[PDB]
């Protein structure tokens, strides 16, 4: 009724390539994750009124907890730093040890999927509200997202693009909600050596 994911991310050279490593610890739909699974990501966003869209493609291998995703901004330059979109842009690919596969809400909701909603509050700055559908549509796992960002400072670390293009490791704590809830705090390195925290509040509902 309470476990975590450990997440590690590599961001590689408007465009971003993301390599993700995720495993669970702390304690029917699984058959779609035996192989390598193609992934499609679509995000439509508005931050302080700045509209943008992101499209991503890649594939995931949940038996080892690895994902590779390539993203492009289809509307030109992003109004926010790519690192701030990483957690929004598929926790079904987390590797669960055999002894706790019964807690894998994300795979067991498949193929029908789940709705994933978050509020992400950047400390001393604005917030994102996100709503996503994560599901299989044929042989492909899709993550379809609407993101609304509000209350950001124009000279802050987000709209001012002061975050380093890298990503730290995090623990994502998960408990049963007939869905799940999760809470965690992301740490973003800032170009002046400070850290920008981003509190994540998440609720997932099966479809």
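Numbering follows the first chain given and starts at 1.
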field: Residues of the deposited sequence that sit between residue 178 and residue 177 yet are not modelled
entry: 1 to 3
- line: What lies unmodelled of the deposited sequence between residue 89 and residue 90 amounts to 1 to 3
- request: For the higher mean C-alpha B factor in the entry, choose 143-151 or 65-73.
  value: 65-73
- request: Going by the average Cα B-factor in the PDB entry, point out whether 45-53 or 31-39 comes out higher.
  value: 31-39
- request: Sort 16, 197, 190, 22 by C-alpha B-factor from the entry and give me just the highest.
  value: 16
query: Which one of 134, 120, 109, 80 shows the biggest C-alpha B-factor in the PDB entry?
result: 109
Chain-relative CA temperature factor third for residue 1: highest
field: Assigned third (lowest, middle, highest) for the C-alpha B factor of residue 128
entry: lowest
message: Using only modelled residues of the chain, where does the Cα B factor of residue 172 rank: lowest third, middle third or highest third?
response: lowest
Chain-wide C-alpha B factor ranking for residue 159, given as lowest, middle or highest third: highest
